[PDB]
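Novice: Below is work.pdb; it holds PDB, C-alpha atoms.
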```
ATOM      1  CA  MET H   1      -8.769 -12.169  14.145
ATOM      2  CA  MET H   2      -7.458  -8.607  14.497
ATOM      3  CA  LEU H   3      -7.962  -6.280  17.418
ATOM      4  CA  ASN H   4      -6.581  -2.971  18.543
ATOM      5  CA  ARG H   5      -4.182  -2.000  21.343
ATOM      6  CA  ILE H   6      -5.550   1.470  21.997
ATOM      7  CA  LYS H   7      -6.325   0.778  25.665
ATOM      8  CA  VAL H   8      -2.771  -0.399  26.419
ATOM      9  CA  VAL H   9      -1.107   2.415  24.487
ATOM     10  CA  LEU H  10      -3.348   5.066  26.119
ATOM     11  CA  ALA H  11      -2.202   3.804  29.523
ATOM     12  CA  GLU H  12       1.463   3.669  28.498
ATOM     13  CA  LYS H  13       1.266   7.223  27.150
ATOM     14  CA  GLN H  14      -0.581   8.495  30.277
ATOM     15  CA  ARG H  15      -3.682   9.681  28.343
ATOM     16  CA  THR H  16      -7.395   9.141  28.977
ATOM     17  CA  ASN H  17     -10.335   8.078  26.830
ATOM     18  CA  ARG H  18     -11.818  11.584  27.333
ATOM     19  CA  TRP H  19      -8.679  13.263  26.033
ATOM     20  CA  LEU H  20      -8.539  11.050  22.958
ATOM     21  CA  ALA H  21     -12.243  11.549  22.191
ATOM     22  CA  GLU H  22     -11.832  15.332  22.485
ATOM     23  CA  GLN H  23      -8.793  15.334  20.167
ATOM     24  CA  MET H  24     -10.622  13.291  17.565
ATOM     25  CA  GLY H  25     -14.012  14.982  17.724
ATOM     26  CA  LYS H  26     -15.646  11.687  18.695
ATOM     27  CA  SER H  27     -17.851  10.651  21.626
ATOM     28  CA  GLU H  28     -16.160   9.172  24.691
ATOM     29  CA  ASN H  29     -18.458   6.157  24.202
ATOM     30  CA  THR H  30     -16.953   5.533  20.741
ATOM     31  CA  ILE H  31     -13.385   5.595  22.151
ATOM     32  CA  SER H  32     -14.369   3.414  25.098
ATOM     33  CA  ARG H  33     -15.813   0.826  22.687
ATOM     34  CA  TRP H  34     -12.579   0.833  20.691
ATOM     35  CA  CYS H  35     -10.643   0.439  23.973
ATOM     36  CA  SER H  36     -12.707  -2.578  25.014
ATOM     37  CA  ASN H  37     -12.509  -3.959  21.443
ATOM     38  CA  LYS H  38     -16.332  -3.938  21.223
ATOM     39  CA  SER H  39     -16.018  -1.892  18.038
ATOM     40  CA  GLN H  40     -13.118  -0.888  15.803
ATOM     41  CA  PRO H  41     -11.661   2.257  14.203
ATOM     42  CA  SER H  42     -11.200   2.541  10.435
ATOM     43  CA  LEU H  43      -7.575   2.449   9.234
ATOM     44  CA  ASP H  44      -7.496   6.256   8.775
ATOM     45  CA  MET H  45      -8.841   6.784  12.308
ATOM     46  CA  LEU H  46      -6.151   4.432  13.612
ATOM     47  CA  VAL H  47      -3.518   6.585  11.893
ATOM     48  CA  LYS H  48      -4.902   9.730  13.602
ATOM     49  CA  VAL H  49      -4.918   7.979  16.997
ATOM     50  CA  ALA H  50      -1.293   6.931  16.431
ATOM     51  CA  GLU H  51      -0.306  10.510  15.506
ATOM     52  CA  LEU H  52      -1.971  11.802  18.696
ATOM     53  CA  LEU H  53      -0.228   9.186  20.887
ATOM     54  CA  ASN H  54       3.134   9.623  19.105
ATOM     55  CA  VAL H  55       3.410   5.965  18.081
ATOM     56  CA  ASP H  56       3.690   4.035  14.799
ATOM     57  CA  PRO H  57       0.139   3.003  13.841
ATOM     58  CA  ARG H  58       1.362  -0.638  13.633
ATOM     59  CA  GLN H  59       1.657  -0.473  17.433
ATOM     60  CA  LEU H  60      -2.112  -0.019  17.707
ATOM     61  CA  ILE H  61      -2.914  -3.351  16.035
ATOM     62  CA  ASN H  62      -2.969  -6.804  17.645
TER
ATOM     63  CA  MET S   1       0.428   6.519   7.058
ATOM     64  CA  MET S   2      -1.491   3.247   6.682
ATOM     65  CA  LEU S   3      -3.421   2.081   3.663
ATOM     66  CA  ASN S   4      -5.049  -1.110   2.527
ATOM     67  CA  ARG S   5      -4.114  -3.671  -0.138
ATOM     68  CA  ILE S   6      -7.622  -4.816  -0.989
ATOM     69  CA  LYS S   7      -7.331  -3.893  -4.676
ATOM     70  CA  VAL S   8      -4.138  -5.933  -5.158
ATOM     71  CA  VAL S   9      -5.405  -8.937  -3.211
ATOM     72  CA  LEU S  10      -8.761  -8.919  -5.067
ATOM     73  CA  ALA S  11      -6.839  -9.119  -8.349
ATOM     74  CA  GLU S  12      -4.502 -11.846  -7.081
ATOM     75  CA  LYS S  13      -7.473 -13.890  -5.861
ATOM     76  CA  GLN S  14      -9.413 -13.356  -9.140
ATOM     77  CA  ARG S  15     -12.406 -11.636  -7.452
ATOM     78  CA  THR S  16     -14.275  -8.435  -8.311
ATOM     79  CA  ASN S  17     -15.435  -5.417  -6.329
ATOM     80  CA  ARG S  18     -19.053  -6.490  -7.037
ATOM     81  CA  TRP S  19     -18.471  -9.943  -5.587
ATOM     82  CA  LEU S  20     -16.868  -8.562  -2.442
ATOM     83  CA  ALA S  21     -19.629  -5.979  -1.936
ATOM     84  CA  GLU S  22     -22.288  -8.690  -2.320
ATOM     85  CA  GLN S  23     -20.535 -10.977   0.191
ATOM     86  CA  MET S  24     -20.267  -8.189   2.730
ATOM     87  CA  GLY S  25     -23.696  -6.629   2.297
ATOM     88  CA  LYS S  26     -22.100  -3.316   1.324
ATOM     89  CA  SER S  27     -22.488  -1.044  -1.711
ATOM     90  CA  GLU S  28     -20.078  -1.520  -4.611
ATOM     91  CA  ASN S  29     -19.213   2.178  -4.179
ATOM     92  CA  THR S  30     -18.011   1.513  -0.610
ATOM     93  CA  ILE S  31     -15.728  -1.340  -1.784
ATOM     94  CA  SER S  32     -14.460   0.706  -4.720
ATOM     95  CA  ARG S  33     -13.516   3.532  -2.329
ATOM     96  CA  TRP S  34     -11.623   1.081  -0.126
ATOM     97  CA  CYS S  35      -9.887  -0.276  -3.261
ATOM     98  CA  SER S  36      -8.774   3.193  -4.340
ATOM     99  CA  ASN S  37      -7.812   4.021  -0.722
ATOM    100  CA  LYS S  38     -10.241   6.982  -0.754
ATOM    101  CA  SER S  39     -11.840   5.549   2.379
ATOM    102  CA  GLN S  40     -10.946   2.736   4.767
ATOM    103  CA  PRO S  41     -12.577  -0.326   6.361
ATOM    104  CA  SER S  42     -12.755  -0.745  10.140
ATOM    105  CA  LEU S  43     -10.488  -3.463  11.578
ATOM    106  CA  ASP S  44     -13.423  -5.908  11.922
ATOM    107  CA  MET S  45     -14.445  -5.307   8.294
ATOM    108  CA  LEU S  46     -10.847  -5.954   7.243
ATOM    109  CA  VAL S  47     -10.978  -9.299   9.063
ATOM    110  CA  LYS S  48     -14.175 -10.260   7.169
ATOM    111  CA  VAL S  49     -12.604  -9.251   3.836
ATOM    112  CA  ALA S  50      -9.554 -11.386   4.671
ATOM    113  CA  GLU S  51     -11.772 -14.378   5.547
ATOM    114  CA  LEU S  52     -13.610 -13.999   2.215
ATOM    115  CA  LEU S  53     -10.343 -13.772   0.227
ATOM    116  CA  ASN S  54      -8.690 -16.601   2.210
ATOM    117  CA  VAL S  55      -5.745 -14.478   3.364
ATOM    118  CA  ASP S  56      -4.287 -13.377   6.716
ATOM    119  CA  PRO S  57      -5.776  -9.941   7.471
ATOM    120  CA  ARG S  58      -2.198  -8.589   7.872
ATOM    121  CA  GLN S  59      -1.892  -9.042   4.096
ATOM    122  CA  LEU S  60      -4.591  -6.411   3.562
ATOM    123  CA  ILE S  61      -2.618  -3.638   5.281
ATOM    124  CA  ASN S  62       0.132  -1.470   3.780
TER
END
```
Is it possible to give me this structure as structure tokens?

Specialist:
Amino acid sequence: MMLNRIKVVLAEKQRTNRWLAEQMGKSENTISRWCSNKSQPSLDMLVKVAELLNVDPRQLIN
Amino acid sequence: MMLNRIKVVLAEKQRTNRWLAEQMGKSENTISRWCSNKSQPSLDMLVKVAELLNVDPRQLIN
């Protein structure tokens, strides 16, 4: 199994689901589903999230 | 940057793009684009690919 850590990293970086969705041109629902691990980003989307949160993309994977 | 290693692992495991596409219910074009790193699987798709190739999903990420 492989999940993402976007919810934890968002909190650590003091950012919201709304902010991330706006930066990525995606719906807040999409981001929320990634955060809850109900659905998953593609690897390229994960890289963009990491760039936006100023972390290594490896840190977004569990 | 983050890419996938599906093309290398397919070759190592003696499997084809066609086989993988058939197992995943996806088009061969989709798999070929993952193999060439022109597009990327979601994390859950990567887990299914890893299961099918009998590898740890971590081995599919570069």

Novice: I'd like the residues picked by the PyMOL selection byres ((chain S and resi 33-43) around 6) written out as a PyMOL selection string, using the chain letters and numbers from the file.

Specialist: (chain H and resi 40-43) or (chain S and resi 6-7+30-32+44-46)

Novice: Would you mind aligning chain H to chain S, a least-squares fit over all C-alpha atoms taken in order, and returning the superposed chain as a PDB file with C-alpha atoms, keeping the file's coordinate frame?

Specialist:
```
ATOM      1  CA  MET H   1       0.427   6.520   7.058  1.00  0.00           C
ATOM      2  CA  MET H   2      -1.491   3.247   6.682  1.00  0.00           C
ATOM      3  CA  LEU H   3      -3.422   2.081   3.663  1.00  0.00           C
ATOM      4  CA  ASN H   4      -5.049  -1.110   2.528  1.00  0.00           C
ATOM      5  CA  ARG H   5      -4.114  -3.671  -0.138  1.00  0.00           C
ATOM      6  CA  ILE H   6      -7.622  -4.816  -0.988  1.00  0.00           C
ATOM      7  CA  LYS H   7      -7.331  -3.893  -4.676  1.00  0.00           C
ATOM      8  CA  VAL H   8      -4.139  -5.933  -5.158  1.00  0.00           C
ATOM      9  CA  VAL H   9      -5.405  -8.937  -3.210  1.00  0.00           C
ATOM     10  CA  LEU H  10      -8.761  -8.919  -5.068  1.00  0.00           C
ATOM     11  CA  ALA H  11      -6.840  -9.119  -8.348  1.00  0.00           C
ATOM     12  CA  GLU H  12      -4.503 -11.846  -7.082  1.00  0.00           C
ATOM     13  CA  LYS H  13      -7.472 -13.890  -5.861  1.00  0.00           C
ATOM     14  CA  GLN H  14      -9.413 -13.356  -9.140  1.00  0.00           C
ATOM     15  CA  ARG H  15     -12.406 -11.637  -7.452  1.00  0.00           C
ATOM     16  CA  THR H  16     -14.275  -8.435  -8.311  1.00  0.00           C
ATOM     17  CA  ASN H  17     -15.435  -5.417  -6.329  1.00  0.00           C
ATOM     18  CA  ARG H  18     -19.053  -6.491  -7.037  1.00  0.00           C
ATOM     19  CA  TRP H  19     -18.472  -9.944  -5.587  1.00  0.00           C
ATOM     20  CA  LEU H  20     -16.868  -8.562  -2.442  1.00  0.00           C
ATOM     21  CA  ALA H  21     -19.629  -5.978  -1.935  1.00  0.00           C
ATOM     22  CA  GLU H  22     -22.288  -8.690  -2.320  1.00  0.00           C
ATOM     23  CA  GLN H  23     -20.534 -10.977   0.191  1.00  0.00           C
ATOM     24  CA  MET H  24     -20.267  -8.189   2.730  1.00  0.00           C
ATOM     25  CA  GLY H  25     -23.696  -6.629   2.297  1.00  0.00           C
ATOM     26  CA  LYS H  26     -22.100  -3.315   1.324  1.00  0.00           C
ATOM     27  CA  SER H  27     -22.488  -1.043  -1.711  1.00  0.00           C
ATOM     28  CA  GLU H  28     -20.078  -1.519  -4.611  1.00  0.00           C
ATOM     29  CA  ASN H  29     -19.213   2.178  -4.180  1.00  0.00           C
ATOM     30  CA  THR H  30     -18.011   1.512  -0.610  1.00  0.00           C
ATOM     31  CA  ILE H  31     -15.728  -1.340  -1.784  1.00  0.00           C
ATOM     32  CA  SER H  32     -14.460   0.706  -4.720  1.00  0.00           C
ATOM     33  CA  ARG H  33     -13.516   3.532  -2.329  1.00  0.00           C
ATOM     34  CA  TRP H  34     -11.623   1.080  -0.126  1.00  0.00           C
ATOM     35  CA  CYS H  35      -9.888  -0.276  -3.261  1.00  0.00           C
ATOM     36  CA  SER H  36      -8.773   3.194  -4.340  1.00  0.00           C
ATOM     37  CA  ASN H  37      -7.811   4.022  -0.722  1.00  0.00           C
ATOM     38  CA  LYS H  38     -10.241   6.982  -0.754  1.00  0.00           C
ATOM     39  CA  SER H  39     -11.840   5.549   2.379  1.00  0.00           C
ATOM     40  CA  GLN H  40     -10.946   2.736   4.767  1.00  0.00           C
ATOM     41  CA  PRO H  41     -12.577  -0.326   6.360  1.00  0.00           C
ATOM     42  CA  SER H  42     -12.755  -0.745  10.139  1.00  0.00           C
ATOM     43  CA  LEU H  43     -10.488  -3.463  11.578  1.00  0.00           C
ATOM     44  CA  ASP H  44     -13.423  -5.908  11.922  1.00  0.00           C
ATOM     45  CA  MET H  45     -14.445  -5.307   8.293  1.00  0.00           C
ATOM     46  CA  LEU H  46     -10.847  -5.954   7.243  1.00  0.00           C
ATOM     47  CA  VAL H  47     -10.978  -9.300   9.062  1.00  0.00           C
ATOM     48  CA  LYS H  48     -14.175 -10.260   7.169  1.00  0.00           C
ATOM     49  CA  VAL H  49     -12.604  -9.251   3.836  1.00  0.00           C
ATOM     50  CA  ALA H  50      -9.553 -11.386   4.671  1.00  0.00           C
ATOM     51  CA  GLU H  51     -11.772 -14.378   5.547  1.00  0.00           C
ATOM     52  CA  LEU H  52     -13.610 -13.999   2.216  1.00  0.00           C
ATOM     53  CA  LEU H  53     -10.343 -13.772   0.226  1.00  0.00           C
ATOM     54  CA  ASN H  54      -8.690 -16.600   2.210  1.00  0.00           C
ATOM     55  CA  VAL H  55      -5.745 -14.478   3.364  1.00  0.00           C
ATOM     56  CA  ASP H  56      -4.287 -13.377   6.716  1.00  0.00           C
ATOM     57  CA  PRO H  57      -5.777  -9.941   7.471  1.00  0.00           C
ATOM     58  CA  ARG H  58      -2.198  -8.590   7.872  1.00  0.00           C
ATOM     59  CA  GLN H  59      -1.892  -9.042   4.096  1.00  0.00           C
ATOM     60  CA  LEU H  60      -4.591  -6.412   3.562  1.00  0.00           C
ATOM     61  CA  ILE H  61      -2.618  -3.638   5.281  1.00  0.00           C
ATOM     62  CA  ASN H  62       0.132  -1.470   3.780  1.00  0.00           C
TER      63      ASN H  62
END
```

Novice: What does the distance from atom CA of residue 3 of chain H to atom CA of residue 61 of chain H come to in Å, to one decimal?

Specialist: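 Calculated distance between atom CA of residue 3 of chain H and atom CA of residue 61 of chain H is 6.0 Å.
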
Novice: Give me, please, the distance in Å between atom CA of residue 10 of chain H and atom CA of residue 53 of chain H, quoted to one decimal.

Specialist: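 So the answer is 7.4 Å.
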
Novice: Return the single residue from H:16, H:62, H:54, H:4 that is closest to residue 28 of chain H, with distances computed using only C-alpha atoms.

Specialist: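 Under the stated criterion, the closest residue is H:16.
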
Novice: Residues within 12 Å of residue 51 of chain S, please, as an NGL selection string. Count all atoms listed in the file; anything in the same chain fewer than 6 positions from it doesn't count.

Specialist: (:H and (1-2)) or (:S and (20 or 23-24 or 44-45 or 57-60))

Novice: Which distance in Å separates atom CA of residue 49 of chain H and atom CA of residue 17 of chain S, to one decimal?

Specialist: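 These two atoms are separated by 28.9 Å.
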
Novice: Rank H:21, H:15, H:5, H:26 by their smallest atom-to-atom distance to chain S, using all atoms listed in the file, and report the top residue only.

Specialist: H:5
